[PDB]
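Residue numbers (the deposited numbering), protein chains in the order written: chain A, 32 to 63, 251 to 490; chain B, 32 to 66, 249 to 476; chain C, 264 to 473.
And the structure:
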C-alpha cells in the first residue's frame with residue numbers, strides 16, 4: 032500500500048443547509251470563560267457573483283363567519299402564500315419556490331348599529347404607506363450554494379402595480395353589498411438573511427423587503443358610509459391573475475472555500 | 032508520499048457591522064368616524262482563517278410593556294389593550310470584567326379576546342385585550358460590548374442552555390366615570406428555551422445584525438379572571454399589567470459559539 | 264513433447280466494498296476494491312468454450328478527506344485510487360483440450376491488446392444538505408508476462424494461467440464535488456464498471472507442454 036499524506040492547511044467548510052422561509056406573522060382570534255480550537259488554519263477567498271432573477275408571488279386570504287344569524291362577520295385578513303415554478307436563466311432552467319407574507323397591516327371596521335339582522339364587519343385589513351411586503355426565495359440554482367457566509371448583497375429591482383378585485387357578501391335577505399377596488403405600488407428597500415441554528419445544523423432563508431405607495435383606483439364598501447379609502451384590501455387581492463412578476467439582477471459577494479490549485483499529490487498528470 | 036504547499040498570503044477581515052434590534056411584528060388600528250449577460254469577478258485574493266469555538270456565561274434581563282387606547286364617546290368603551298416591545302440596559306459581572314448589554318422583547322402568535330357587556334351607549338365594551346397561552350412565542354433580542362459578540366458574525370453553530378423563569382400578572386382598574394368599576398387580575402406563564410437565530414440586513418449603508426433567543430411557553434397557575442363579567446378562570450397571561458411591578462425578570466446560562474476568525 | 268497455441272478472449276469486472284460508521288450517516292470509514300468473478304461462453308475456432316475469471320489489484324494508492332471534527336461534517340477516512348504505482352492480476356480457466364495439458368509446462372508468453380477502464384458516478388447519502396458526488400477517473404491496461412496459478416472460486420480447484428497487466432493514466436479526471444478537491448487523476452473504487460457488465464480483451468497465447 033502507499034498512503035498520500037494530508038496537507039498542513041486543513042480543509043474546513045460550510046455546515047449543512049436546507050433553505051426555507053423566515054419567521055412569519057401570526058395571530059389567532061376567539062369568540063364567545252474559555253476558548254478552544256476545532257480545526258487548524260484553512261484557506262478562503264472572496265468573490266462577486268452576478269446573475270438574473272425572476273420572482274412570482276400570490277397573496278392569499280381567509281374569511282371566517284361570526285357565529286349568529288349570518289349578517290355578521292368576524293375577520294377578513296391576509297394569509298401566508300406559497301408558489302412553485304421554473305424559469306430559464308441565460309444559461310439553463312432553474313426551479314424556485316416563493317413565500318409571501320405581510321406586515322405593518324392596518325385594520326378597519328364597519329358597525330351599522332346593533333340590531334339582530336344588521337350588517338357588521340369587525341376586522342377587514344388593508345395595506346397602506348405604513349406597510350411592508352416580504353418575499354422569500356428558496357432556489358436550486360448553483361449560486362445559492364455559496365450564500366451562507368455573505369458580506370454584501372443588493373438588487374436593482376424595478377416597480378410593480380398590484381390591483382384588487384371584487385367580493386360579494388352572502389346576506390340572507392336583501393341586496394348583497396360588495397367590496398371592490400384598490401391597488402398599491404411595490405418598490406424595493408432592502409434584503410434580509412436569516413439563519414436558525416439547531417443541532418450543529420443550519421436552516422436559512424433569504425427574503426426581500428418592499429415599501430408601498432398608493433395608487434388611483436380606490437377600493438370602496440357598498441351600502442355604507444365609508445369615505446373612499448385608499449389602499450389594498452384582502453378580499454380579492456390577486457384579482458384573477460395567476461401571479462405577478464418582478465425581475466432583475468442581484469450582486470452578491472461571499473467567502474468561498476478556495477478551490478485552490480496547490481495541494482495535490484506530487485505528479486498528478488497524464489503519464490509521458 | 033507528500034504533497035505541495037503555498038507561499039505569501041493576503042490580509043482580509045470582517046466588514047464593519049453595527050448591532051441593532053430585530054424587525055418586530057406590528058399592527059396599527061383606526062377608529063371609526065362616529066359612535249443582460251451573466252458574469253463573475255474576483256474581488257480579493259486567497260486569505261487565512263480558522264475556527265475557534267468560544268464559551269460564555271450569560272445573564273439576560275427583559276421587560277414587557279403595553280398600550281391602552283379609549284374611544285371618544287361617553288367612556289365605557291375601551292377599543293385596544295395590547296402588548297408592545299420594550300428596551301432595557303444593564304451591567305452584569307462576568308469573570309471580573311463588566312459587560313454592558315441591551316435587551317428588546319417582542320411577542321408573536323398572540324390570542325385575542327372580547328367582551329360586549331351590551332349594546333347601549335352606557336355599558337362595558339372591550340374589543341381587543343391580548344393573551345399568550347401555548348400558541349404564542351416570546352422573542353428576545355440581545356446585544357453586548359464584549360469580544361464574543363464582536364466575532365459572532367460568520368457563525369457555524371450557536372447553541373445555548375439557559376434556565377426557565379415563571380412570570381405572573383398584575384391588575385388594571387377599568388375605572389369608569391360611574392358605578393363600582395371592574396378589575397382584571399391574574400397571569401401565569403413558564404419560559405422555556407428553543408433555538409437561537411441570527412438575522413442580518415443588507416443595504417447601501419452599513420449592515421445591521423441582531424440575535425433572537427426564542428422561548429416557548431407552557432401555561433401554569435394561578436388562573437386569571439375579569440371581575441364583573443362572565444368570562445372566568447381562563448388560563449394564560451394578559452397584557453394590561455404583565456410585570457408585577459418588577460423592573461426586570463432574569464435568566465442565566467452558558468452559550469457556546471463557533472465562528473471563522475482570521476489568523 | 265507437445266505444442267499448443269490457441270486464440271483467446273478474456274472478460275472481467277471489478278467489485279467494490281463500502282463500509283459506514285458512526286450511526287449519524289455523515290461519516291464513511293473505507294471505500295476499496297475486492298476480488299470478483301465472471302463466467303461466459305464464446306466461440307473462437309468453431310467450437311464453444313466456457314470459462315471462469317477473477318480480477319484483483321495490488322499497489323493501491325490511498326487518499327483521504329477529513330473535514331471538520333464536529334459531529335455533522337463529511338468525513339471519508341480512506342478511499343483508494345489505482346494510479347501508476349500499481350499492478351493488476353487476472354486468472355483464466357476454460358473447458359477445452361488445453362488446460363488439461365497445462366501442468367508440467369516449459370515456455371509461455373502472450374501478445375494481448377489494450378483497453379480503457381473509466382470511472383462512474385457515486386452518490387453519497389446525507390440526511391440533509393446537498394449530496395456530494397464522486398465522478399470520473401481514467402486508466403488503461405497494457406500487457407506484461409504470464410505464469411501459472413490456481414483459481415478456486417468454484418468448489419473444485421482449477422489449474423489456470425495468470426495474465427499480469429501494467430497501468431497508465433489518461434485524461435478524464437476524477438473529482439469529488441462539494442469539497443475543495445478537483446482535478447485529480449486516477450481511477451477510484453467507488454464505481455469502476457460504469458454500467459458495463461464487462462470489458463473485453465483479445466489475443467493469443469503460446470504454451471509448450473509435456
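Note that the Cβ used here is the ideal one computed from N, Cα and C, for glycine as well.
(request) Whole angstroms is fine: what's the gap from residue 408/C's alpha carbon to residue 428/C's? (result) Position 145 of the third chain holds residue 408/C. Position 165 of the third chain holds residue 428/C. The alpha-carbon atoms of residue 408/C and residue 428/C are separated by roughly 8 Å.
(request) Please compile the residues from chain C whose C-beta is within a distance smaller than 9 Å of the C-beta of residue 46/A. (result) Within the first chain, numbered from 1, the residue matching residue 46/A stands at position 15. Under the 9 Å cutoff, chain C gives 331, 333, 335, 336, 392.
(request) Please confirm if the segment 56-64 of chain B is in contact with the segment 302-318 of chain B, defined as three or more CB-CB distances below 8 Å between the two stretches. (result) Fewer than three beta-carbon pairs drawn from the segment 56-64 of chain B and the segment 302-318 of chain B are found closer than 8 Å, and the two stretches are therefore not classed as touching.
(message) My assumption, with CB atoms under 8 Å, is that residue 453/B sits in contact with residue 294/B. Please give the rounded CB distance.
(response) As a working note, residue 453/B is residue 240 in the second chain. As a working note, residue 294/B is residue 81 in the second chain. Their Cβ separation, rounded to whole angstroms, is 6 Å, which keeps residue 453/B and residue 294/B in contact under 8 Å.
(message) If the criterion is Cβ atoms closer than 8 Å, does the pair residue 396/C and residue 385/C meet it?
(response) Locating residue 396/C in the third chain gives position 133, counting from the first residue. Locating residue 385/C in the third chain gives position 122, counting from the first residue. Residue 385/C is positioned such that its CB atom lies closer than 8 Å to that of residue 396/C.
(request) Tell whether a beta-carbon distance below 8 Å holds between residue 401/A and residue 450/A. (result) If you number the first chain from 1, residue 401/A lands on position 183. If you number the first chain from 1, residue 450/A lands on position 232. Taking 8 Å as the Cβ cut-off, residue 401/A and residue 450/A qualify as a contacting pair.
(message) Between which residues of its own chain and residue 350/B is the CB-CB distance below 8 Å, once the five residues before and five after are set aside?
(response) Residue 350/B sits at position 137 when you count from the first residue of the second chain. Cβ neighbours of residue 350/B within its own chain (closer than 8 Å, five residues either side excluded): 320, 321, 322, 407, 427, 428, 429, 430.
(request) Can you give me the Cβ contacts of residue 270/C inside the same chain, cut-off strictly under 6 Å, excluding the 5 residues immediately before and after it? (result) By 1-based counting over the third chain, the position of residue 270/C is 7. Excluding sequence neighbours, residue 270/C sits near 307, 467.
(request) In the DSSP assignment, find the beta strand (DSSP E) that holds residue 386/A and state where it starts and stops. (result) Start at 1 with the first residue of the first chain, and residue 386/A comes out as number 168. Per DSSP, residue 386/A is one residue of the beta strand (DSSP E) stretching across 384-386.
(request) Go through its chain and collect everything with a Cβ distance to residue 417/C's Cβ below 6 Å, but skip five positions before and after it. (result) Along the third chain, one-based indexing puts residue 417/C at 154. Closer than 6 Å at the Cβ level, and outside the excluded window around residue 417/C, lies no residue.
(message) If you reduce the DSSP assignment to three classes, tell me which class residue 360/A lands in.
(response) For the purposes of this step, residue 360/A is identified with residue 142 of the first chain, where counting begins at 1. Under the three-state reduction of DSSP output, residue 360/A falls in the helix class.
(message) Need the endpoints of the beta strand (DSSP E) that residue 47/B sits in, please.
(response) By 1-based counting over the second chain, the position of residue 47/B is 16. It is not in any beta strand (DSSP E) - residue 47/B carries neither H nor E in the DSSP assignment.
(message) Between 367/B, 409/B, 447/B, 404/B, which has its C-alpha nearest residue 398/B's C-alpha?
(response) The residue labelled residue 398/B in the question sits at position 185 within the second chain. Minimum Cα distance to residue 398/B is reached at 447/B.
(request) Determine the direct distance from the alpha carbon of residue 53/B to that of residue 464/B, and round the result to whole angstroms. (result) Position 251 of the second chain, counted from the start, is the residue given in the question as residue 464/B. Position 22 of the second chain, counted from the start, is the residue given in the question as residue 53/B. The alpha-carbon atoms of residue 464/B and residue 53/B are separated by roughly 20 Å.
(request) Determine the direct distance from the alpha carbon of residue 35/A to that of residue 32/B, and round the result to whole angstroms. (result) The count along the second chain starts at 1 and reaches residue 32/B at position 1. The count along the first chain starts at 1 and reaches residue 35/A at position 4. Those two C-alpha atoms are separated by around 5 Å.
(message) At the level of alpha carbons, what is the spacing between residue 273/C and residue 445/C?
(response) One-based indexing of the third chain puts residue 273/C at position 10. One-based indexing of the third chain puts residue 445/C at position 182. Roughly 34 Å between the two C-alpha positions.
(request) Within its chain, find whatever has a CB closer than 7 Å to the CB of residue 370/A; leave out the 5 residues flanking it on each side and keep chain order. (result) Working through the first chain from its first residue, we reach residue 370/A at position 152. A distance below 7 Å between beta-carbons, with the five flanking residues on each side excluded, links residue 370/A to the following residues of its chain, in chain order: 471.
(message) In the DSSP assignment, the beta strand (DSSP E) including residue 383/C goes from what residue to what residue?
(response) Residue mapping note: residue 383/C aligns to position 120 of the third chain, counting from 1. Where residue 383/C is concerned, there is no enclosing beta strand (DSSP E), given that its DSSP letter is neither H nor E.
(request) Please compile the residues from chain C whose C-beta is within a distance smaller than 7 Å of the C-beta of residue 32/A. (result) Sequence index remark: in the first chain, residue 32/A carries index 1 (1-based). Residues of chain C passing the Cβ test: 323, 325.
(message) For residue 364/C, tell me which candidate among 411/C, 322/C, 381/C has the shortest Cα-Cα distance.
(response) Within the third chain, residue 364/C is the residue found at index 101, counting from 1. For residue 364/C, the nearest C-alpha among the options comes from 411/C.
(request) Taking only the alpha-carbon atoms, compute the straight-line gap between residue 347/B and residue 434/B and give it to the nearest angstrom. (result) By 1-based counting over the second chain, the position of residue 347/B is 134. By 1-based counting over the second chain, the position of residue 434/B is 221. Cα to Cα, residue 347/B sits roughly 14 Å from residue 434/B.
(request) Quick one: using the 10 Å Cβ neighbour count with 16 as the cut-off for buried, is residue 40/B buried or exposed? (result) Looking up residue 40/B in the second chain gives position 9. Exposed, by the Cβ-count rule.
(message) For residue 266/A and residue 479/A, I'd like the C-alpha separation in whole angstroms.
(response) Taking the first residue of the first chain as position 1, residue 266/A is located at position 48. Taking the first residue of the first chain as position 1, residue 479/A is located at position 261. Residue 266/A and residue 479/A: Cα-Cα distance of roughly 20 Å.
(request) Please work out which residues of its chain come closer than 6 Å, Cβ to Cβ, to residue 355/B, disregarding the five sequence neighbours upstream and downstream, and give them in chain order. (result) For the purposes of this step, residue 355/B is taken as the residue at position 142 of the second chain. Answer for residue 355/B: 273, 316, 424, listed in chain order.
(request) Return the CA-CA distance between residue 265/C and residue 367/C, expressed in angstroms with no decimal places. (result) As a position in the third chain, residue 265/C is number 2, starting the count at 1. As a position in the third chain, residue 367/C is number 104, starting the count at 1. Those two C-alpha atoms are separated by around 11 Å.
(request) Kindly identify the DSSP beta-bridge partner or partners of residue 302/A. (result) On the first chain, position 84 is the one that residue 302/A refers to. DSSP output for residue 302/A lists 315/A as bridge partner(s).
(request) Would you mind giving the Cβ-Cβ distance between residue 45/B and residue 366/B, rounded to the nearest angstrom? I have them listed as a contact below 8 Å. (result) The residue you call residue 45/B lines up with position 14 of the second chain. The residue you call residue 366/B lines up with position 153 of the second chain. Contact holds; Cβ gap of about 6 Å.
(request) At 9 Å on the CB atoms, spell out the chain C contacts of residue 435/A, in chain order. (result) Counting from one through the first chain, the residue named residue 435/A turns up at place 217. Chain C residues near residue 435/A: none, gap ~46 Å exceeds 9 Å.
(message) For residue 414/C, count the other beta carbons within 10 Å of its own beta carbon; 16 or more makes it buried, fewer makes it exposed. Which is it?
(response) Working through the third chain from its first residue, we reach residue 414/C at position 151. By the 10 Å Cβ count, residue 414/C comes out buried.
(message) Could you check whether residue 294/C and residue 362/C sit closer than 8 Å to each other, using their CB atoms as the reference points?
(response) Along the third chain, read from residue 1 onward, the residue named residue 362/C stands at position 99. Along the third chain, read from residue 1 onward, the residue named residue 294/C stands at position 31. No; because the gap between Cβ atoms is not below 8 Å, this pair is not in contact.
(message) What does the alpha-carbon distance come out to for the pair residue 256/B and residue 416/A?
(response) Position 43 of the second chain, counted from the start, is the residue given in the question as residue 256/B. Position 198 of the first chain, counted from the start, is the residue given in the question as residue 416/A. If you take the alpha carbons of residue 256/B and residue 416/A, they lie about 33 Å apart.
(request) Output the distance between the C-alpha atoms of residue 469/C and residue 489/A, rounded to the nearest integer angstrom. (result) Against the third chain, residue 469/C aligns to sequence position 206. Against the first chain, residue 489/A aligns to sequence position 271. About 31 Å.
(request) Using a Cβ-Cβ cut-off of less than 7 Å, give me the residues of the segment 337-363 of chain A that come near chain F, in sequence order. (result) Protein chains in the displayed structure are A, B and C, and chain F is not among them.
(message) Using 8 Å for Cβ pairs, my map puts residue 383/C next to residue 437/C. What's the rounded Cβ distance?
(response) By 1-based counting over the third chain, the position of residue 383/C is 120. By 1-based counting over the third chain, the position of residue 437/C is 174. In fact, because the Cβ distance is near 10 Å, the residues do not count as touching under 8 Å.
(message) Judging by CA-CA distance, which residue of 454/A, 436/A, 366/A is the nearest neighbour of residue 447/A?
(response) As a first step, residue 447/A is located in the first chain; it is residue number 229 there, counting from the start. Looking at the Cα atoms, 436/A is the closest of the given residues.
(message) At a cut-off of 7 Å, would you count residue 411/C as near the ligand GTP, judging by its Cβ distance to the nearest heavy atom?
(response) Absence of the ligand GTP is noted for the structure shown, with no ligands found whatsoever.
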